[PDB]
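Structure first, then comments.
2 protein chains.
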Amino acid sequence: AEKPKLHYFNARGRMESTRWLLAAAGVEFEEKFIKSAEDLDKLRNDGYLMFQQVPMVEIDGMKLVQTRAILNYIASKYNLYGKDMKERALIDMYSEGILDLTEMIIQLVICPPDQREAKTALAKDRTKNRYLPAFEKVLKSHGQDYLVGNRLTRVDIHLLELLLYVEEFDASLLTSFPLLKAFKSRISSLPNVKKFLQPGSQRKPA
Amino acid sequence: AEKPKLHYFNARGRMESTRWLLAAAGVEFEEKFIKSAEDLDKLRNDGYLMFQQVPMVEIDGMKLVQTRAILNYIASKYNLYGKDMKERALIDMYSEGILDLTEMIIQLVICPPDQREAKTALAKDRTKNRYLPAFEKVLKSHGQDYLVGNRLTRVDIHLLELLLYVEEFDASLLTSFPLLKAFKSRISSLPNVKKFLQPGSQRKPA
Ligand SMILES: [Cl-]
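Protein sequence lines correspond, in order, to chains A and A'. A prime marks a further copy of an entry chain.
All the letters of the first sequence, read from the start, carry residue numbers 2 to 207 under the authors' numbering.
All the letters of the second sequence, read from the start, carry residue numbers 2 to 207 under the authors' numbering.
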C-alpha cells in the first residue's frame, strides 16, 4: 500500500508527531492499532520491530522504528526538511528542543501521582523560561511566518503540536508570547492542518 | 576557525559521540571547556545557547545545540550519512537504538546509588536481549563489514562507541555476539579510529 501503515496503540503517545507530519503533508495513512499482547507479539515474532518496540511505520517497503528515524524520512520524502544541510541544522536544532519539552510534558502522566506535582512545576518553568522564549525570539528576530527558510517545514508542525499541548497543560503559559499566539493561529489555518484539527480526523485525544 | 569548536565540560557526557564522529571523519577540532559557572553564563548571556544548554558546536558560522542536530550536520557534511533518504532511514533507525541504550548506561551514574543496582540489571538485560541481538542480526544477515550500504557511515562509529562502553560496563555482555566482536576489531582498525583510540587523543575518560 502506498498509504503508510502506522502501528501503535490507539492513543497519542509516541506516534502522534508522525500523524501530525503526515497530515500536514497531505498524506493519507492507515492505522493498525495494537489491541492485544498477541498483536505486539506477532509484530515482534514476524521480525517487524528492530528493537521490539513501536511506533513502527510501514512505508516504501521499510519497517521503520524509532520516531526520529520515522520523522526524518517522512520530512525528507515530502520536502518538509528544508533545502540544504545548514537549513536542516536549524530545523533539527529547533525540533530537538521541541521534542525535549514535549517529552517532559508527556512524562507527567506516566510518572507516579506523588511526583507529578514536582515535575509539573519544573515542566511549567522550562516552558515559560527556557523553551517558549527561544521560539518567540526566533519569530521576533526575522518576523517571518515560518520558523526556518520563510516556508513551511516539519518544525512549524512540531511547534504547533507543542503549542496545542501547552494549551492543554496550562493555557496561561502562552499568554506572554504574542508571536507564538499568532504563529499558532497561522499554522492552524493551513488547509491540511485545518482538516487534521477537525473532529473525526485521526488526531488522537489527550 | 575551520576547526569546529566544541563547548562542553571536560568530560565524556553528551559531547563524546560528536568527538567520535569528528575524529572518525579525520576532522581536527578545538575544545573550549566549561570550567566555571561564569563560562556557562557567558555562553548563555552572549546568546550562543538556543536552549541555554551545552553541548554546543561552533561550525560553519552556526552555533549548534542539541546533539542530534550536531551529529546530523557533521554526518551530512563529511559524507557519513549514506547516499539517499532510504539509506538515511536505516542509519537513523540503527543510530536511535544505539543512542537509547547508551542513554540507559550513562544514566546509571547520574542515578542515585540506591537505585543504581536496579537500573543496572535492566540495562544489562536490554543490552543482552534487545539491542546487541538486533545489531548481531544486521551483521549476520548481510555479512558485510559495515552496518549500512557496505561502507563506513556514522552508525558504524556510534556502534563502536557503544561496544566500547558495554565493555567498560560489563565485558561479559559481549561474549555471545561474535560478529559484533569482529565488527569492533574492524572499525577500531580504521586509521582515524586507531588514532582516536591512542592515549593522548581528545577521547575522554570514563
Ligand atoms: Cl534526527
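Don't be surprised by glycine CBs; every beta carbon is placed ideally from N, CA and C.
For ligand 1, residues whose Cβ lies under 7 Å from any non-hydrogen atom = A:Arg69, A:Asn73, A:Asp93, A':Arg69, A':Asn73 and A':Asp93
Just the Cα atoms here: how many angstroms apart are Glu31 (chain A) and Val66 (chain A)?
-> Against the first sequence, residue 31 (chain A) aligns to sequence position 30. Against the first sequence, residue 66 (chain A) aligns to sequence position 65. Their backbone Cα atoms lie some 16 Å apart in a straight line.
In terms of alpha-carbon separation, which member of A:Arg204, A:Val156, A:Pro134 and A:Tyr147 lies closest to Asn73 (chain A)?
-> Indexing the first sequence from 1 puts residue 73 (chain A) at position 72. The residue with the shortest Cα to Cα distance from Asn73 (chain A) is A:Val156.
Measure the alpha-carbon distance for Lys129 (chain A') versus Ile107 (chain A) and round it to whole angstroms.
-> Position 128 of the second sequence, counted from the start, is the residue given in the question as residue 129 (chain A'). Position 106 of the first sequence, counted from the start, is the residue given in the question as residue 107 (chain A). Taking the straight line joining both Cα atoms gives about 29 Å.
Every unbroken beta strand (DSSP E) inside the segment 5 to 54 of chain A' [3 residues or more] = 6 to 9 and 31 to 34
Using a C-beta to C-beta distance shorter than 8 Å, which residues of chain A' count as neighbours of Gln145 (chain A)?
-> To locate residue 145 (chain A), count along the first sequence from 1; it is residue 144. Those within 8 Å of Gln145 (chain A) in chain A' number zero; the least Cβ separation is about 17 Å.
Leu180 (chain A), enclosing alpha helix (DSSP H) - first and last residue | Indexing the first sequence from 1 puts residue 180 (chain A) at position 179. Unbroken alpha helix (DSSP H) run through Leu180 (chain A): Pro179 to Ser189.
When the distance is taken between beta carbons, is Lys64 (chain A') closer than 9 Å to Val28 (chain A')?
-> Walking along the second sequence from the start, residue 28 (chain A') turns up at place 27. Walking along the second sequence from the start, residue 64 (chain A') turns up at place 63. No, they are not a contact pair.
When the Cα atoms are used, what is the spatial distance from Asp40 (chain A) to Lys141 (chain A)?
-> Here residue 40 (chain A) corresponds to residue number 39 of the first sequence, with the count starting at 1. Here residue 141 (chain A) corresponds to residue number 140 of the first sequence, with the count starting at 1. If I take the Cα positions, the gap works out to 48 Å.
Over the uninterrupted alpha helix (DSSP H) stretch that includes residue 1 (chain A'), give me the two end residues.
-> Residue 1 (chain A') lies beyond the range of chain A' shown here (2 to 207); nothing can be said about it.
Can you tell me which of A:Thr121, A:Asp42, A:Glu59 and A:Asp47 puts its alpha carbon nearest to the alpha carbon of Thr19 (chain A)?
-> As a first step, residue 19 (chain A) must be located in the first sequence, where it is residue number 18. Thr19 (chain A) has its Cα closest to that of A:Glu59, out of A:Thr121, A:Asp42, A:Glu59 and A:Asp47.
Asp115 (chain A) versus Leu123 (chain A) - alpha carbon distance = The residue labelled residue 115 (chain A) in the question sits at position 114 within the first sequence. The residue labelled residue 123 (chain A) in the question sits at position 122 within the first sequence. One C-alpha to the other measures close to 14 Å.
Cβ neighbour criterion (16 or more within 10 Å) applied to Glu162 (chain A) = Along the first sequence, one-based indexing puts residue 162 (chain A) at 161. That one is buried.
With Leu65 (chain A') as the anchor, note down where its beta strand (DSSP E) starts and where it stops.
-> As a working note, residue 65 (chain A') is residue 64 in the second sequence. Taken as a continuous stretch (DSSP letters only), the beta strand (DSSP E) holding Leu65 (chain A') covers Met63 to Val66.
Within chain A, the residues that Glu88 (chain A') reaches when beta carbons sit closer than 8 Å = If you number the second sequence from 1, residue 88 (chain A') lands on position 87. Residues of chain A passing the Cβ test: none, with the nearest at roughly 10 Å.
Is it buried or exposed for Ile99 (chain A), if we count other Cβ within 10 angstroms and need 16 for buried?
-> Within the first sequence, numbered from 1, the residue matching residue 99 (chain A) stands at position 98. The residue is buried, with at least 16 neighbouring Cβ atoms inside 10 Å.
Decide if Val110 (chain A) is buried, meaning its Cβ has at least 16 other Cβ atoms within 10 Å, or exposed.
-> By 1-based counting over the first sequence, the position of residue 110 (chain A) is 109. So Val110 (chain A) ends up on the exposed side.
Pull up the distance between the alpha-carbon of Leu50 (chain A) and that of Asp61 (chain A), whole angstroms please.
-> Numbered from its first residue, the first sequence carries residue 50 (chain A) at position 49. Numbered from its first residue, the first sequence carries residue 61 (chain A) at position 60. Rounded to the nearest angstrom, the two C-alpha atoms are 16 Å apart.
Just curious, the beta strand (DSSP E) that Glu59 (chain A) is in, first and last residue?
-> Taking the first residue of the first sequence as position 1, residue 59 (chain A) is located at position 58. Looking at the DSSP string, the run of the beta strand (DSSP E) that includes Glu59 (chain A) is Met57 to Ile60.
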